[PDB]
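These notes concern the structure reproduced below.
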Amino acid sequence: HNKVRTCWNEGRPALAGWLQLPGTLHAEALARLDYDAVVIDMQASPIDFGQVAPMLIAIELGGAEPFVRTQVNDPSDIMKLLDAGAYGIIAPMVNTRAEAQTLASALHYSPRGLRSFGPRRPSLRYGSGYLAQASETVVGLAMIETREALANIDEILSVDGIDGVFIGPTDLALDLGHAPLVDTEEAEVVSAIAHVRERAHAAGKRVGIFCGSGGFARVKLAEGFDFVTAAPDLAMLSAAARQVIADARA
Amino acid sequence: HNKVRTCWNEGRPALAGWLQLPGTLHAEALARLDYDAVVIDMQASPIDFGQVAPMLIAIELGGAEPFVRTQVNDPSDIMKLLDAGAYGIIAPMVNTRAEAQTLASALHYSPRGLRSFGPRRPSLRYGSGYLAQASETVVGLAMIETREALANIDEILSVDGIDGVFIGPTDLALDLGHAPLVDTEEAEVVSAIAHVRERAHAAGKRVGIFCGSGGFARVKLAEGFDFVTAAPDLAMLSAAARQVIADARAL
Amino acid sequence: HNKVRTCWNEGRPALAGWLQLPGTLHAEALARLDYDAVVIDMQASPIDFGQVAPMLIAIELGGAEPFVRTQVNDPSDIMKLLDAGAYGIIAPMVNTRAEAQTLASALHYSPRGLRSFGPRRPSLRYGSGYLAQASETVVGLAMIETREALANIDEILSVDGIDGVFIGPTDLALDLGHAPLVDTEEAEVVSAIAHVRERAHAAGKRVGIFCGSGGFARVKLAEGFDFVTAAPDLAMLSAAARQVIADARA
Amino acid sequence: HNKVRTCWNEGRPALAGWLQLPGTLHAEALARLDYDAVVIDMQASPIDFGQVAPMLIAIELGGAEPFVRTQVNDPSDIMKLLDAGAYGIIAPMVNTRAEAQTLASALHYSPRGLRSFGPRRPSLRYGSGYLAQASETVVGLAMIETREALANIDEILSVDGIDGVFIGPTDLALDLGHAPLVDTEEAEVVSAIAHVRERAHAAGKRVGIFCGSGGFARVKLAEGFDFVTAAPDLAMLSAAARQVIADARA
Amino acid sequence: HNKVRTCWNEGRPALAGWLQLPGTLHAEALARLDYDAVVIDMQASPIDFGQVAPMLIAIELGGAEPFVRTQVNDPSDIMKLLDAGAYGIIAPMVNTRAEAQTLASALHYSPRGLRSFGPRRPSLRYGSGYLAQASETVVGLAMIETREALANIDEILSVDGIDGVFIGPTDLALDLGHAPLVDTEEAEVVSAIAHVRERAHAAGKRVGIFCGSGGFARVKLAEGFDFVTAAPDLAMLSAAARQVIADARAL
Amino acid sequence: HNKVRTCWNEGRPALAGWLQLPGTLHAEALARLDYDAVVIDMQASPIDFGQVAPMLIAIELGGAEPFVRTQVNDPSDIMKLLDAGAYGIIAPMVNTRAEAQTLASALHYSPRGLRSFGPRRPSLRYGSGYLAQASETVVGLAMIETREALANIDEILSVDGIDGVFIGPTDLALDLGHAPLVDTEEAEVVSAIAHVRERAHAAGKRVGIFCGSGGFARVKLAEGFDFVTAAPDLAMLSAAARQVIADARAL
Ligand SMILES: [Br-]
Ligand SMILES: [Br-]
Ligand SMILES: [Br-]
Ligand SMILES: [Br-]
Ligand SMILES: [Br-]
Ligand SMILES: [Br-]
Ligand SMILES: [K+]
Ligand SMILES: [K+]
Ligand SMILES: [K+]
Ligand SMILES: [K+]
Ligand SMILES: [K+]
Ligand SMILES: [K+]
Ligand SMILES: [Mg+2]
Ligand SMILES: [Mg+2]
Ligand SMILES: [Mg+2]
Ligand SMILES: [Mg+2]
Ligand SMILES: [Mg+2]
Ligand SMILES: [Mg+2]
């Protein structure tokens, strides 16, 4: 079973890791922590497909559901990843109902979508009965990180075949005319985010958000978020080394 | 100029990072911090030659001195790394004078060593007049992490063409019959490390040490070690994540 | 000369291999067998471009025409591959005349198409006279694997600059509302396939099909197919190991 | 600062290298020569993203501004590269004002464009003030290599958010119905190129051109070109080895 | 637990696959079959360290024990593989007791061997209390494929810290002056293999063998070999394809 | 047939290219020129096993004989390259007869050597009846680039199973106390090279040499060297670019 979906079915949210660094060793290492999922970021990173492919295997062995935030909302790229044992897709810059249908169409075999049939790695996981349950095995979120996304939120949330939406808070803050700051106090950004969540849950759909600290993720979890990511590997690693250095040199 | 040798020339220590994770992005980032050097571990890691080459380029662009802890003390492996712009070499399990001579032979052109001439990247960095300073551009440390190497410390320090030694405290604890624990303070191991430190300085040679934490590294800097590494990327990242998860899930 | 095109000119079909596993050693090994071509599958596989590039070289040394089934019908991806010594392109999910023109446009230098000029590997094969013969050196098939493709078959086959079409029988079976089974007996799927072939040959164009067994490929060859692939490396390798195990344990 | 932009601000053109061969050693080596920039060609080459990523680092260490000629004018591919320390983008086959706006939109953060915010490598170069100066740090050229591009030159040059255009002379010669020859004497091709340059400078925008010899680049430099590339690594390497062989065998 | 050592503990053989082809997709797939272990050949293959690391992860996710046949019997190569989650080691051309001691030294922490401590992947799999069972988590086999190794079988079996040996029948045939043919039954070679088998069991040590076919492997299981590999991916794939082509082109 | 051995059989020299740059595109292109062979330098370069494998395939498709200058003279490294379709081996720093014997052992199947049997690519190229000609399909050269190797030239040439030697003039100049300069004509080094050439031919053995330029290579062909390499890709590319830049920026 999909571990995030089994979180949701058992009435609780998922906490996910977020990797910008390529490779299998930190991926597995983080996956064995009390993360329900680890997201590989193929957008704001040097991670291409050759590197993602072994990292999905690493996360699954680690005991976390492999998730990928794609470079772009592209049906054929999303389908390749599904076939490689990506079991969650987060599509950036989903701004319209049409783009969200485009996302949906990639996540589901006909007749519900137009997903190409060749399930190399999921067939090994789920076996010859994969077709029947393929849809439930995969989690699909549209990212909301523009003013336009915000305006089209109900129409995006109308789209059958996506589990929910995922807030890109830095892109969202920037396009709102504010500082691209993670975990921001900026009142407009904060109200926009709360508005996205309320609309999502009213549409009976799931909402997630990207966090830069445990402190902030704790708060989002308390406010009812279903899928919270904290924190990117490079940011935690950078912060950790800065502390090691200041402690060593004090 | 070698950033580590500059520290040493002004009679100050060098502080170095330590990578077990392949990739250029974290190698550049940590290199931009207040690290004098960044060591790529090619031993206890999934980093092979193909991954190491571009990480060297990134650490150098970062503005730290590129260091490698080799898989093994093998002269052909060491030479190929130096030609790929390793300016720092930490050769593991150097247990005998013969083995220090073998390290030494790789770090120096004839007649001082038998290093092969083909310095693809060094000649790009130091241009004309690289050869004239080749030996000083490179830093070479013999790793002490065995009973045998503890016994043979004086003969290892006698070898002209090495700068000094580098302690592996966990592997030394293990080989002295004790728990292989991070930043060990097992009394006997503490004694053996103190002895190595003193014999390095008595010999006019630099002494360095592997640290798993900022606390231990600060104490080693205070004990006058010349080269302190702190801490491995993977151990810093796992602890960082464990803490972010505990704060996220806290009542 | 293109070995598949020289098959066709000499009044006989091509039998091609089908690789989902990355690497050069099996590629060369299979290429030296009595395969006229080996197809690299960049869709239902972890094969990205970094891995495809050496595999094209391996197949050509092996003595088989390097063919690639792309992730997607994309002009710029197809052009890169041509430039890397892909000499056959099979484009998945070609559903409309417009998408088939899009395919055609990538395969041909102006004025016949809008192929970007920079023929890194074909220049080495064919020399400074490559331009004059570039078109004949490359084989272009549109895949037919949807109901929509089926409906638009004559219009697809109308498009100047494609050699023919290639049936995706599992995607085709699935979208027809049937089991995604290779080498299927399902009567609708079988009639649809026979209909695609008849229309193709009536349009004086070539038709191929993907097979999962030698038994089935034999039949398609007999029915007049011009380009038959059997069988994917992973499927033959999986089947072979299952036999080795049952023989060893009997 | 961007070294090409500082060339232009100081009233002089840029001479750039052009790499079709993957890897870091020749990249750094060429970057330390009296090249102001080195362009990595991801179109007419086997260079994918995994190989480009370390080559950008190599060029920057070498002391030349890392430039990339993309496979295709794609917003999400261009954005990934920016984030990887590509500081110049040359987009091939820019044929219309709309495609040039598409290019522009990728190069600039909102509100001037819709660039996704996650500046992994430029943040390390420029620091926390990167946002304010992001636009100036990057150089954007639209390639003109079709008749259609030629026809739409004023409209392309109208687009705010591109520095200028870059002539693809072989594709341009080919589509003009002439031989795809580098550094061509063909009178129509020569007049078209001179016309592109004149229109560019009249629009107060920058113009570049791809060259195959130092002799030709010298001439383009004299005619007022702002960004001249000479010559592709494989072509110089091939020519050099042919000379070595003829000298050795004489 | 080591799936091979579990087979052995219940006094049953282990059956293992054999990969010469790089990639994670076929390594996972074959690992999901009724193979106890899957050996990655890093000797007679284009598989280097960079490709081997993710194949280990895939075989383990597949649910077979990850095994490696090394390029050479070299302790630093063996240690780096064990730390990357090789739980099974087959070291080629082990011809002398000294060479078995050298294999042995890599497979065990001090004081039983001189394995370096840095178990990145093993500590993730076996968590707390890995060190307490480290030796049993790993399986190490000395390869017998020479005249010299045939002569020295008893002294190789005497070495405490190896589980047993692994026969290379083709390389042994070749070195005994005979055609290097797959699953050879050359009378003299058959005698030499039988002798190795008997001296392994007399010594209380496990004995294994390379098979190129399911037929030969079944006979070896019947002769009581403890570890049988069958058959190499590339040889299984070429024969599979040859047969599909012959059926496709048949009248 | 081996293109180098064919040259030799008709008593003509072989001319070879030399790659320090990873990638298949330039390896194919230069192989299509009038080069008899193309040597991949795995020593003074960032080329590891993973990059070397597909470059061999490209040089062979190019229509030149695939050659490798190894990182080190190590039999397991040499064997794995031959099985990956290296048909030409240049082993560096071969200084003693023992070291030539060690090269020799890797190039030949028993009983003439102890090469492991697993010829994945060679058996694809030469099909049935590869084994019958395996030794002649491969060319092996001992590199002379030291004082020691100059002294021991006669005992190195005595070793049956090597074709001859390959001079590294820069490394030989360096080790003889002189400037390590490209295509050196330092009088003493010229003497040492002439002596090596004469002792190779006296011994009935082939002699080859590293050239950094077409001029030097032409002179060596004229002095009757049997194998001349000219010139490294990276040195040819940097000079080519320097010249294109100087012409571009000229008044
Ligand atoms: Br945790
Ligand atoms: Br963050
Ligand atoms: Br066949
Ligand atoms: Br199939
Ligand atoms: Br210059
Ligand atoms: Br050109
Ligand atoms: K977990
Ligand atoms: K620094
Ligand atoms: K064939
Ligand atoms: K420069
Ligand atoms: K299994
Ligand atoms: K040739
Ligand atoms: Mg965003
Ligand atoms: Mg040398
Ligand atoms: Mg399909
Ligand atoms: Mg063009
Ligand atoms: Mg150690
Ligand atoms: Mg063997």
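Note: hydrogens, waters and symmetry copies are ignored here, and every other heavy atom, side chains too, is used. Chain naming here is simple, since letters A, B, ... match the order of the sequence lines and numbering starts at 1 in each.
Taking the charged nitrogens against the carboxylate oxygens, F/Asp160 and F/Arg112 do have a contact shorter than 4.0 Å, which makes a salt bridge.
F/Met42 has its side chain out of reach of F/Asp77: every pair of non-hydrogen atoms, C-beta onward, lies at least 4.5 Å apart. Between E/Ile57 and E/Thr24, every side-chain heavy-atom pair lies at or beyond the 4.5 Å cut-off. Under the 4.5 Å side-chain criterion, counting only non-hydrogen atoms from C-beta, F/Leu131 is in contact with E/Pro180. For the pair E/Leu237 and C/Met236, the minimum side-chain heavy-atom distance is below 4.5 Å. In this structure the side chain of B/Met93 reaches within 4.5 angstrom of the side chain of E/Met79, judged on heavy atoms. In this structure, E/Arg121 and E/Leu56 have side chains that are in contact, with non-hydrogen atoms separated by less than 4.5 Å. Looking at heavy atoms from C-beta onward, B/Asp175 lies out of side-chain contact with E/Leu114 at the 4.5 angstrom threshold.
In this structure, the separation between CD1 on E/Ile59 and OH on E/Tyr87 is 12.5 Å, given to the nearest 0.5 Å. In this structure, CD1 on E/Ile90 lies 4.5 Å from CZ on E/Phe166, to the nearest 0.5 angstrom. Between F/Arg120 atom CZ and C/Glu28 atom CD the span is 13.5 Å, to the nearest 0.5 Å. Expressed to the nearest 0.5 Å, how far OG1 of E/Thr102 lies from CG of E/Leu107 amounts to 11.0 Å. Rounding to the nearest 0.5 Å gives a distance of 11.0 Å between NZ of E/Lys80 and CG of E/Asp74. With rounding to the nearest 0.5 angstrom, the OG1 atom of E/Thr229 is 8.5 Å from the CD1 atom of E/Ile209.
Proximity of a side-chain donor or acceptor of E/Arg206 to a complementary backbone N or O of E/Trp8 within less than 3.5 Å is detected. In this structure, E/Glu155 contributes its side chain and E/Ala100 its backbone to no donor-acceptor pair below 3.5 Å. C/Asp233 contributes a side-chain N or O that, together with a main-chain N or O of C/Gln20, makes up a donor-acceptor pair within less than 3.5 Å. Remark: the backbone N or O of E/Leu181 is paired with a side-chain donor or acceptor of E/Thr170 at under 3.5 angstrom. Listed for the E/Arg32 side chain is a donor-acceptor partner under 3.5 Å among the backbone atoms of A/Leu124. In this structure, the side chain of F/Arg115 does not engage the main chain of F/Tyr109 through any donor-acceptor pair within 3.5 Å. Under the 3.5 Å distance criterion, the side-chain polar atoms of E/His26 are matched with a main-chain donor or acceptor of E/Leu21. Side chain of E/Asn152 to backbone of E/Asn95: a donor-acceptor contact under 3.5 angstrom is found. Between the side chain of E/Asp226 and the main chain of E/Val207, a donor-acceptor pair closer than 3.5 Å is present.
Closest heavy-atom contact between C/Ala248 and E/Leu221: O-CD1, 3.3 Å. Between E/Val4 and E/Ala14, the closest heavy-atom pair is CG1-CB, 3.9 Å. Looking at every heavy atom in both residues, E/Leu19 comes nearest to E/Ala27 through CD1-CB, 3.7 Å. Counting all heavy atoms, side chain and backbone alike, E/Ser116 lies closest to E/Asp83 at O-OD2, 4.2 Å. Across E/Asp247 and C/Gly215, no two heavy atoms sit closer than the pair CB-N, 4.3 Å. Of all heavy-atom pairs spanning F/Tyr130 and F/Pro119, the tightest one is CE2-CB, 3.6 Å.
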What pairs of donor and acceptor atoms, side-chain ones from residues 63-70 of chain E against any protein atom, are under 3.5 angstrom apart with sequence neighbours left out?
residue	atom	partner	partner atom	Å
E/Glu65	OE1	E/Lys3	N	3.2
E/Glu65	OE1	E/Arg125	NH2	3.3
E/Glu65	OE2	E/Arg125	NH1	2.7
E/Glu65	OE2	E/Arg125	NH2	3.4
E/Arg69	NE	E/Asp41	OD1	3.0
E/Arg69	NE	E/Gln43	OE1	3.0
E/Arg69	NH1	E/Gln43	OE1	3.2
E/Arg69	NH2	E/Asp41	OD1	3.3
E/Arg69	NH2	E/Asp41	OD2	2.8
E/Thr70	OG1	E/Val72	O	2.7

Please tabulate, one pair per line, all N/O donor-acceptor pairs under 3.5 Å involving side-chain atoms of residues 134-144 of chain E, not counting sequence neighbours.
residue	atom	partner	partner atom	Å
E/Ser135	OG	E/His108	ND1	2.6
E/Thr137	OG1	E/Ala134	O	2.6

As a quick check of understanding, evaluate side-chain contact (heavy atoms from CB on, under 4.5 Å) for E/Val165 and E/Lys205, giving each step before the final call. CA-CA 8 Å; E/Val165 285; E/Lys205 287 293 206 210; over 6 Å; no

List the steps, then state whether side-chain contact (heavy atoms from CB on, under 4.5 Å) holds for E/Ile47 with E/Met55. CA-CA 10 Å; E/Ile47 303 167; E/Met55 303 182 65; 4.2 Å; yes

Full working for side-chain contact (heavy atoms from CB on, under 4.5 Å) between E/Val196 and E/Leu150: CA-CA 7 Å; E/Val196 168; E/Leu150 181 65; 3.8 Å; yes

Does E/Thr184 form a side-chain contact (heavy atoms from CB on, under 4.5 Å) with E/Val190? I'd like the steps, not just the answer. CA-CA 8 Å; E/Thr184 180; E/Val190 163; over 6 Å; no

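Note on residues 208-220 of chain E: pairs passing salt bridge (charged side-chain N to carboxylate O under 4.0 Å, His left out), not counting sequence neighbours, are E/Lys220-E/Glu223. Applying the ring-ring contact (aromatic ring centres under 6.0 Å, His included) test to residues at least two apart or on different chains, the pairs with a partner in residues 197-220 of chain E are E/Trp18-E/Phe210. Residue pairs meeting the salt bridge (charged side-chain N to carboxylate O under 4.0 Å, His left out) criterion with at least one member in residues 188-200 of chain E, sequence neighbours excluded, are E/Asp154-E/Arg199.
Between the side chains of E/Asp48 and E/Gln71, no donor-acceptor pair of N or O atoms lies under 3.5 Å.
With sequence neighbours excluded, no residue satisfies salt bridge (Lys or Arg N to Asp or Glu O under 4.0 Å) with E/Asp183.
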